[PDB]
Amino acid sequence: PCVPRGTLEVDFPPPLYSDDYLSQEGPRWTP
Amino acid sequence: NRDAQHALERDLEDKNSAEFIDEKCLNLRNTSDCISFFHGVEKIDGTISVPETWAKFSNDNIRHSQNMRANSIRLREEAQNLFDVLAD
Amino acid sequence: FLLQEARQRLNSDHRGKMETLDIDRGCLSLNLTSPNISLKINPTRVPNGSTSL
Amino acid sequence: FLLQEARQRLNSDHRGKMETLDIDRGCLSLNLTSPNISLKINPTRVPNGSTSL
Amino acid sequence: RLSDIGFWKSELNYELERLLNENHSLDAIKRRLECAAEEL
Amino acid sequence: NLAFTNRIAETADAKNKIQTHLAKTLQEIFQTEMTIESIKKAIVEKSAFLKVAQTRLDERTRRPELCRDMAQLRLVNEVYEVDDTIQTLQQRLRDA
Amino acid sequence: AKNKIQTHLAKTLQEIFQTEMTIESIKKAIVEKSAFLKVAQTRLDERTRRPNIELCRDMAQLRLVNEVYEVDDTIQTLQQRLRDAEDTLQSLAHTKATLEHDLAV
Amino acid sequence: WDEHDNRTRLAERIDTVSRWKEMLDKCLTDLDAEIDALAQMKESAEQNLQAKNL
Amino acid sequence: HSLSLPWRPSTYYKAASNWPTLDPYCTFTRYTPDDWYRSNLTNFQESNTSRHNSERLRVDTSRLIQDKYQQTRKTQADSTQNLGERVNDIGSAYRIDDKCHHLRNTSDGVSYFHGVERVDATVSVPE
Amino acid sequence: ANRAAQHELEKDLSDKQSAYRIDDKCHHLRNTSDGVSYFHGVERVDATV
Amino acid sequence: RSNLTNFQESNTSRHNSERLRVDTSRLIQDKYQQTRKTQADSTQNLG
Amino acid sequence: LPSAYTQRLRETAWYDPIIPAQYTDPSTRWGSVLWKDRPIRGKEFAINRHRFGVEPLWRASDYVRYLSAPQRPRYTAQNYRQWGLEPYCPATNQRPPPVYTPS
Amino acid sequence: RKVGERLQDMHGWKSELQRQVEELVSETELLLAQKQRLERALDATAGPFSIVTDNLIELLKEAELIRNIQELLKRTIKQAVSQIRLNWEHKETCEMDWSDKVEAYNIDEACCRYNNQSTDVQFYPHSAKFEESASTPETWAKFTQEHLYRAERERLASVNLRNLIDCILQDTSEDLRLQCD
Amino acid sequence: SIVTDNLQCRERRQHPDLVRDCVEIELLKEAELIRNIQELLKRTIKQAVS
Amino acid sequence: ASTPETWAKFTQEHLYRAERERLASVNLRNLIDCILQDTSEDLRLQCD
Amino acid sequence: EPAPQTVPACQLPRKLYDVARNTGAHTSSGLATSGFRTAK
Amino acid sequence: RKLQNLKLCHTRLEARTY
Amino acid sequence: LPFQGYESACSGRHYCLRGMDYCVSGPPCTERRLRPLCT
């Protein structure tokens, strides 16, 4: 639309799932 | 480095004392106060610098301090390498 | 296994009820001089779901 | 002009009550196995205010 | 002319502060060297 | 002359009402600025809560003993609630 | 072996402290840039209400339109550098945790 | 027992200060509303002083 | 498009303020008293509505900030209480459990650790 | 005819003075004056004649 | 081996931090001077 | 604890993988409706429109400064009826200019 | 004749605006159905996890794959939710534009049915509001064209998301059955 | 409030006496100084709280 | 635990940070009294 | 059971407080006396 | 355990002096 | 095994999935296959 507002504390702290997918390892030994 | 810093400080003071003067001369439009006649300033010039020389003097100072910063950085990294070899 | 299935089904129903509450409260809060107010093409239509009481 | 001074005094008292209630809730929320739990220097002492009930 | 002298003044200020922090780091390295030399 | 004095009265009335509405709008502008500043401090303060929760969750992966104590569940839930609170405060900042 | 771990840890400490100072400076920079957009937009807004023939496309109009776009570009560059700074600080924190676990053993 | 009794003491103190705060908030809002009403009345009297000039 | 000498761009200004994807408006001479009355009425009503919107927003913001403050404080206190209560349960895991418990919000060393809540590498149950 | 030309002339000077007031306020509008604000979409609005 | 991997990771992270620091500072001042100059020219055209 | 979190405290696994419990968090889980009000001049910009009945304008005693008449708290001493003092506002040509009565 | 040609030019864009939202609704329904499929898929993968945890290299790998599959399905569910919200927003923007078009069409249609023999015409006073406007014909066309283009872009993004939905569901299901075998 | 009252009352000066004088300049500068000094005191109080 | 050098080290660190914040608070206390006098004198000059 | 160090040493800079002027950040959105600033 | 309770009461007394 | 995507085994298809983004690398997903051929 137009020029966005040049302020922080609106998009600076990112959403938690704004990061990538990392396929994690988890349990090494049997539970 | 301290000599270069002192040169930069002198340049800062002499820049401030001219910025204030010309800013005072800016707000002197007309019908003001302390306004007094000075004839004969048409032929008197007395200037010592040219704008190109004036800019290149400060560029000389900035690049000289950058050179000394590069020398200081090189001395710092060489000191770190000496520490790491002499520890072993 | 059966208890987990029943929990999943009740979970889906709870999502449904919460969404209906949100939509109906938002519909109730609308009045005149509201900025999302407009006409629509066939708002009296029945969608493909069309569940009775 | 008189009402503004009355409003100022009421506002100061309300601010005092607000942050007194905040520090009192923080004091109540403390219990055992907390990081702030330690020994103090003259905790029993009578303070300078000592404004009774 | 004011705009020009302000630009030059700001650049000079930045270079002065960089030289200052480099000098402080160099003095710290020298003091650490002297401590290591006196330790032996 | 009667028409002129009538029109002058109408214009003076309009100017007075405009000045009153302008003063009230200015006061409310100042109040909304204060509200926006408070929302900004709130978001900056919750960021620290998220940081301490995450740095508590990280260091407990070094246990040789590596247990699912429900303190870990508390920490995961704490991260989720703090993030959700930050999202609502950001939307509030948008609307303000 | 452990002395090198301690030295690397101390240097990581200095680097993460200075990275925190850098990202605080980046925040102070992007916060300050808002007022120039304030001034440009409130200059552009009040010049829309000039009288009939006086509504003229002066070169100040085009300059003030360019003002907003260049300030916006500066703000976007600063936001990208903020994200890069956060990523670098995160990597530094991970190296801190790894060196602390190494010094524990 | 004495720790639980101190629970009750701190809770009742909190309630007392809370209700002070609530009725002082009512007083402050009342003062604001009355200040607005009297300022409006003073404005109307002042604008009625203008109507004695014609 | 022609330049009428009484140029009237106000309606385009309002439409551009509301919907801002409008193109630049670029290139029967006098109003009625009813237009003057309606303009004054619309200006006053617009000011009243704009004031009421932000007055309505302020009270909800004032409630929401304190609600979030209390909720996050209670959650953080719950977490540190339970971690110290695990510390009491233990008394190498003890070392880092105490260092986790003695870690407030200001603290000494704190950093973002993104993606830490996803990993659950656990081999043992409390019982 | 002289009066009509003078009137068409004088009604231009009011517009000149109004633009002078607007641009004198806008020229003196530095950072932190008192009342700079944010007008969304004003960088593309152009009602020019 | 593992000590080597840890040391190289620490060195790479510190080098990235330092280069980002100096580039950040240069970027901040470049945008600062540019913004002040364009503000002065914009306030000159109005005059 | 809520029992939904104690399920993770077992060696076997019979729990919902979603960490926020469905029956505790007041937000709808994966809700796709978001009542957004775009700013149109002269109309009502309402926020938190998704909850209207169960959460009224006032729920506690807060000092919100400089508040106009139609948003005042429920029990406040004000002017129910006012002295007339202004029939026929001349600016808008309204013979009973609208007067707000409290409640 | 001029008012009639304006009526035809308005009717064309009005029909286009109707057709655009009728195309957007039918894509939103399929996106909702795929979200429901993801809902049933995330629910269906808890049973294998319970079976594997009851049985507890191959079992640890199956547990690995199960956890990764559920996290991926969760991220994909929120993907679908955000796309649905954007589709609804674009539909509502086109909706408000179409409502404005409808009432302007009705006004101009009533303006057409006027002649000298007709009654219900009056002497309205001259005013500047009769010659004021907020757009030109080119701007009035392009303001609508941008909305239509943005709506088509959003519909294409939604159909790409649905294809991604089907692909990721098929791969996750077949990978889980392969590891179970 | 004194300055605001003086500003509101001096607008009601009659038809040929609505003149920018020394008093108008001094009054506007006084209101500006009052507002600036209020904001400065507020920020200093915030610093003291921290 | 800690060597008596380290056991000293923790306490003089805490003492140093406490003294630094005491000095900062003293500076702020001086600053408020410095600015309030200028506040009052500016108000008096402008009212005159 | 050693402390593993989490901050640098007490080589922090001095905490000096500066008067919170407007500078370029805290500008209000409305001119406080603007109805009285008209042409006469 | 008595000392922990003593410390808890001590922090309660000092927390109300502010 | 921490990597950046999914890395399906029936068909080699790296699913990189950021916030509101996707990038599928492999055989194209043209239509839906009711009987998915394991290749």
# chains A, B, ... in the order shown; residues from 1 in each chain; ligands from 1
call {"tool": "residues_around", "arguments": {"residues": "residue 50 (chain I)", "least_positions_apart": "4", "cutoff": "8 Å", "atoms": "only C-alpha atoms", "output": "PyMOL selection string"}}
result
(chain I and resi 46+54) or (chain L and resi 42-44)
call {"tool": "write_last_selection", "arguments": {"atoms": "N, CA and C atoms", "output": "PDB file, in the first residue's frame"}}
result
ATOM      1  N   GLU I  46     -17.172  14.140  13.464  1.00  0.00           N
ATOM      2  CA  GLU I  46     -15.941  13.395  13.224  1.00  0.00           C
ATOM      3  C   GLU I  46     -14.963  13.556  14.380  1.00  0.00           C
ATOM      4  N   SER I  54     -10.485   6.618  20.809  1.00  0.00           N
ATOM      5  CA  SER I  54      -9.255   6.493  21.572  1.00  0.00           C
ATOM      6  C   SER I  54      -9.528   6.492  23.077  1.00  0.00           C
TER       7      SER I  54
ATOM      8  N   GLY L  42     -14.355   8.975  10.570  1.00  0.00           N
ATOM      9  CA  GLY L  42     -15.702   9.261  11.011  1.00  0.00           C
ATOM     10  C   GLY L  42     -16.494   8.085  11.535  1.00  0.00           C
ATOM     11  N   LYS L  43     -15.894   6.903  11.644  1.00  0.00           N
ATOM     12  CA  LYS L  43     -16.602   5.718  12.114  1.00  0.00           C
ATOM     13  C   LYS L  43     -15.944   5.173  13.379  1.00  0.00           C
ATOM     14  N   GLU L  44     -16.557   4.125  13.926  1.00  0.00           N
ATOM     15  CA  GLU L  44     -16.188   3.571  15.225  1.00  0.00           C
ATOM     16  C   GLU L  44     -15.065   2.556  15.052  1.00  0.00           C
TER      17      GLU L  44
END
call {"tool": "interface_residues", "arguments": {"of": "chain M", "to": "chain A", "cutoff": "9 Å", "atoms": "only C-alpha atoms", "output": "list in words"}}
result
residues 53, 56, 57, 59, 60, 63, 64, 65, 67, 68, 71, 72 and 75 of chain M
call {"tool": "write_last_selection", "arguments": {"atoms": "C-alpha atoms", "output": "PDB file, in the first residue's frame"}}
result
ATOM      1  CA  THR M  53       6.197 -45.623  23.422  1.00  0.00           C
ATOM      2  CA  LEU M  56       9.705 -48.914  24.309  1.00  0.00           C
ATOM      3  CA  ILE M  57      17.464 -48.389  16.912  1.00  0.00           C
ATOM      4  CA  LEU M  59      11.999 -47.906  17.497  1.00  0.00           C
ATOM      5  CA  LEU M  60      14.021 -44.801  18.375  1.00  0.00           C
ATOM      6  CA  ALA M  63       9.881 -42.041  17.546  1.00  0.00           C
ATOM      7  CA  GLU M  64      12.206 -39.498  15.865  1.00  0.00           C
ATOM      8  CA  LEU M  65      10.145 -39.500  12.671  1.00  0.00           C
ATOM      9  CA  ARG M  67       7.887 -36.146  16.512  1.00  0.00           C
ATOM     10  CA  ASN M  68       9.244 -34.489  13.371  1.00  0.00           C
ATOM     11  CA  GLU M  71       5.864 -30.538  14.402  1.00  0.00           C
ATOM     12  CA  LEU M  72       5.805 -30.184  10.606  1.00  0.00           C
ATOM     13  CA  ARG M  75       3.701 -25.461  11.274  1.00  0.00           C
TER      14      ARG M  75
END
call {"tool": "interface_residues", "arguments": {"of": "chain L", "to": "chain F", "cutoff": "8 Å", "atoms": "only C-alpha atoms", "output": "list in words"}}
result
residues 5, 6, 8, 9, 19, 20, 47, 65, 66, 90 and 91 of chain L
call {"tool": "write_last_selection", "arguments": {"atoms": "N, CA and C atoms", "output": "mmCIF file, in the first residue's frame"}}
result
data_model
loop_
_atom_site.group_PDB
_atom_site.id
_atom_site.type_symbol
_atom_site.label_atom_id
_atom_site.label_comp_id
_atom_site.auth_asym_id
_atom_site.auth_seq_id
_atom_site.Cartn_x
_atom_site.Cartn_y
_atom_site.Cartn_z
ATOM 1 N N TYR L 5 -1.005 -31.795 32.165
ATOM 2 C CA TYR L 5 0.446 -31.675 32.182
ATOM 3 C C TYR L 5 1.118 -32.827 32.913
ATOM 4 N N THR L 6 0.397 -33.510 33.804
ATOM 5 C CA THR L 6 0.940 -34.675 34.489
ATOM 6 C C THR L 6 1.012 -35.900 33.592
ATOM 7 N N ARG L 8 2.561 -35.982 30.773
ATOM 8 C CA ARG L 8 3.952 -36.006 30.345
ATOM 9 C C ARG L 8 4.883 -36.567 31.411
ATOM 10 N N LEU L 9 4.416 -36.703 32.653
ATOM 11 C CA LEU L 9 5.206 -37.254 33.744
ATOM 12 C C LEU L 9 5.088 -38.774 33.850
ATOM 13 N N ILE L 19 1.184 -28.227 23.514
ATOM 14 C CA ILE L 19 1.524 -27.903 24.905
ATOM 15 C C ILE L 19 0.482 -27.027 25.601
ATOM 16 N N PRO L 20 -0.036 -25.941 25.002
ATOM 17 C CA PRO L 20 -1.130 -25.225 25.679
ATOM 18 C C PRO L 20 -2.395 -26.067 25.696
ATOM 19 N N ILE L 47 -11.916 -2.226 19.176
ATOM 20 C CA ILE L 47 -10.850 -3.203 19.333
ATOM 21 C C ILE L 47 -11.319 -4.219 20.370
ATOM 22 N N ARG L 65 -7.450 8.890 32.927
ATOM 23 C CA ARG L 65 -7.504 10.338 33.023
ATOM 24 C C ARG L 65 -8.174 10.951 31.799
ATOM 25 N N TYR L 66 -8.900 12.049 32.038
ATOM 26 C CA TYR L 66 -9.516 12.895 31.009
ATOM 27 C C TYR L 66 -10.489 12.091 30.140
ATOM 28 N N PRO L 90 -26.059 28.057 16.663
ATOM 29 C CA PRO L 90 -26.103 28.696 15.336
ATOM 30 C C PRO L 90 -25.146 28.115 14.304
ATOM 31 N N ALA L 91 -24.081 27.414 14.712
ATOM 32 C CA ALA L 91 -23.089 26.950 13.740
ATOM 33 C C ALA L 91 -23.646 25.854 12.841
#
call {"tool": "select_by_dssp", "arguments": {"residues": "chain R", "states": "strand (DSSP E)", "output": "CSV table (one decimal) with N, CA and C atoms, in the first residue's frame"}}
result
chain,number,residue,atom,x,y,z
R,14,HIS,N,13.3,-32.1,-0.2
R,14,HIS,CA,13.6,-31.3,1.0
R,14,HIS,C,12.6,-30.2,1.2
R,15,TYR,N,11.9,-30.2,2.3
R,15,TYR,CA,10.9,-29.3,2.7
R,15,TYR,C,11.4,-28.2,3.6
R,16,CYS,N,11.9,-27.1,3.0
R,16,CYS,CA,12.3,-26.0,3.8
R,16,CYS,C,11.1,-25.1,4.0
R,23,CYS,N,9.7,-24.0,0.3
R,23,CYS,CA,10.6,-24.2,-0.8
R,23,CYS,C,10.7,-25.7,-0.9
R,24,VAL,N,10.1,-26.3,-1.9
R,24,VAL,CA,10.1,-27.7,-2.2
R,24,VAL,C,11.2,-28.0,-3.2
R,25,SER,N,12.1,-28.9,-2.9
R,25,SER,CA,13.2,-29.2,-3.8
R,25,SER,C,13.2,-30.7,-4.1
call {"tool": "residues_around", "arguments": {"residues": "residue 2 (chain N)", "least_positions_apart": "4", "cutoff": "12 Å", "atoms": "only C-alpha atoms", "output": "list in words"}}
result
residues 1 of chain D; 6, 7, 8, 9, 27, 30, 31 and 34 of chain N; 47 of chain O
call {"tool": "write_last_selection", "arguments": {"atoms": "N, CA and C atoms", "output": "compact mmCIF listing (two decimals), in the first residue's frame"}}
result
# COMPACT_ATOMS: atom_id res chain seq x y z
N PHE D 1 -9.19 26.56 41.08
CA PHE D 1 -7.86 26.50 41.66
C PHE D 1 -7.83 25.65 42.93
N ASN N 6 -5.57 33.07 30.33
CA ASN N 6 -5.19 34.33 29.71
C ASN N 6 -5.25 34.24 28.19
N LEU N 7 -4.96 33.07 27.63
CA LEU N 7 -5.06 32.89 26.18
C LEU N 7 -6.51 32.86 25.73
N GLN N 8 -7.37 32.18 26.49
CA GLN N 8 -8.77 32.07 26.11
C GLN N 8 -9.51 33.40 26.27
N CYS N 9 -9.17 34.17 27.30
CA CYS N 9 -9.87 35.43 27.54
C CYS N 9 -9.44 36.51 26.56
N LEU N 27 3.08 35.29 26.11
CA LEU N 27 2.17 34.27 26.61
C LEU N 27 2.36 32.94 25.90
N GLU N 30 5.56 31.46 27.12
CA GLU N 30 5.36 30.91 28.46
C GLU N 30 4.63 29.56 28.44
N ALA N 31 3.60 29.42 27.61
CA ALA N 31 2.94 28.12 27.51
C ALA N 31 3.88 27.05 26.95
N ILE N 34 6.26 26.04 29.69
CA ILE N 34 5.55 25.21 30.66
C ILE N 34 5.46 23.77 30.17
N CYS O 47 7.40 34.85 33.90
CA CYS O 47 6.23 35.50 34.48
C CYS O 47 6.46 37.00 34.66
call {"tool": "residues_around", "arguments": {"residues": "residue 17 (chain Q)", "least_positions_apart": "5", "cutoff": "12 Å", "atoms": "only C-alpha atoms", "output": "PyMOL selection string"}}
result
(chain D and resi 20+23-24+27+40-50) or (chain Q and resi 10-12)
call {"tool": "write_last_selection", "arguments": {"atoms": "C-alpha atoms", "output": "mmCIF file, in the first residue's frame"}}
result
data_model
loop_
_atom_site.group_PDB
_atom_site.id
_atom_site.type_symbol
_atom_site.label_atom_id
_atom_site.label_comp_id
_atom_site.auth_asym_id
_atom_site.auth_seq_id
_atom_site.Cartn_x
_atom_site.Cartn_y
_atom_site.Cartn_z
ATOM 1 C CA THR D 20 2.129 -0.121 48.357
ATOM 2 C CA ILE D 23 5.040 -4.341 47.023
ATOM 3 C CA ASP D 24 2.624 -6.038 49.449
ATOM 4 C CA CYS D 27 5.859 -9.703 49.834
ATOM 5 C CA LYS D 40 18.740 -9.309 56.981
ATOM 6 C CA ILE D 41 20.257 -6.520 59.067
ATOM 7 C CA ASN D 42 17.891 -5.338 61.820
ATOM 8 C CA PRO D 43 14.587 -6.438 60.225
ATOM 9 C CA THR D 44 12.578 -5.840 63.432
ATOM 10 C CA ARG D 45 13.413 -2.108 63.676
ATOM 11 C CA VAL D 46 10.775 0.615 63.962
ATOM 12 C CA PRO D 47 10.992 2.790 60.814
ATOM 13 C CA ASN D 48 10.971 6.586 60.666
ATOM 14 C CA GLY D 49 7.327 6.776 59.574
ATOM 15 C CA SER D 50 5.615 4.369 62.009
ATOM 16 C CA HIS Q 10 13.521 -11.917 57.782
ATOM 17 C CA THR Q 11 12.946 -11.175 54.084
ATOM 18 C CA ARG Q 12 9.309 -10.469 54.809
#
